[PDB]
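Given next, in C-alpha cells, is a single chain: the form deposited in one PDB entry.
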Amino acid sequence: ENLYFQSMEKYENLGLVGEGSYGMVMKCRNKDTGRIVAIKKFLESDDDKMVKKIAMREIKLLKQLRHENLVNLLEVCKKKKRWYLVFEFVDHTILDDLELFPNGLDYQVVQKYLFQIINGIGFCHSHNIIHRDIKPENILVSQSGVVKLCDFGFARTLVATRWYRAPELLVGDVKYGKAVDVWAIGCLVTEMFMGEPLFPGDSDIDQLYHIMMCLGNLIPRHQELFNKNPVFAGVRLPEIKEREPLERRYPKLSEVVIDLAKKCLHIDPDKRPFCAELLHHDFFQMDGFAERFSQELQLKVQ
C-alpha cells in the first residue's frame, strides 16, 4: 500500500533510551539533520507474508494516531529484511519534575500536565486504543513543556509497577476498557499535587489493600472475579467498614481537585467519566484556563 522505506545508514546508535527500561529502543542521531530520534526494531523478517500483513496494519494505525500529545511515528526504515520504526525522541519525563518538587508541583503546572495527558489519552480512546500502562515514566515532557505519551498497549499485534492499575486489572477482568486509563490519571492527580504515589502496592493483593482501605469495597463483579482467580490462591479480599477518604488523607487539597480525583477513581469503571468529560471539569474550566491554555499550546507549532 502507501508505505515506503527510508534508510538506517543515516542513523548513529547512541545507546538504548531510558537505560533500557522501554526495551530495545535506540536513541539515534540522524547524521543528515542532527535530529535525535527513538528507533525500535519492528519486524525480524518481511519474508513472512502474514507477519508482513499484520505489520502494515499496525503502521497504518500508527499513522492515524498523529497527535500533539503523543510520541509520533516519523518514518519506517528497512535494513536487509528487518523493519525499524522511527519515533520522536523527548528528553525528559514527568519524573524529572517530581524529583525537583518532591513536596508537590505548582498548581498551574499540574493543570497543564493533566490537560495534556487527558488530551492525549482521549485522542487514543477516540480510536478505540487503550494505553493500559500509564505511569510517570511513560509521560514524556519536551523542553517546551509539551507532554508526549509513549508506549501504548496495542491489541491484535502479538515485575512491572502496579501502582496505577485499576481494580479491574488487578482482579483479572478481561472486560476492562478505556476506564483503566482514567483510573491511572486519577492516581496521578494526587501524586502531582502531593509528591508521593497514591497507592504504592508491592503485589497485586497489596495493591488491592491500598485501594480499598481508601476507596472501600469493590463492585460485586470484581469480588467474584477475585474469588475465582487462581493467582490469589483461594485467599479472600478484606471487608472495608470505614474507608479513609482522599480528602481525609489530604485535607489541604482543594475541593475541585479532590472531586476530579474521586471521579477518576470511582470503584465502578462504568461510573468513571470519559476523557472528554474530564476536560470539561471545573479544575480545567475555572477562570478560563482551558481556553487560554488551548491557544497557548500553539508552541506545538514551534
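Counting begins at 1, following the sequence as shown. Here the rigid core means the biggest group of C-alpha atoms that line up within 1.5 Å when the two forms are laid on top of each other.
The next section is about a form of this same protein that is not shown, the form deposited in another entry.
Exercise. Pick from 44, 277, 268, 259: whose Cα moves by 2 Å or more between the shown form and the other one, rigid core superposed?
Worked result: Single residue meeting the criterion: 44.
Problem set entry | Rigid-core frame, C-alpha of residue 145, shift of 2 angstroms or more between the shown form and the other one | Moves: no, less than 2 Å.
Exercise. Does residue 246 move its CA by 2 angstroms or more between the shown form and the other one when the core is aligned?
Worked result: No, residue 246 moves less than 2 Å.
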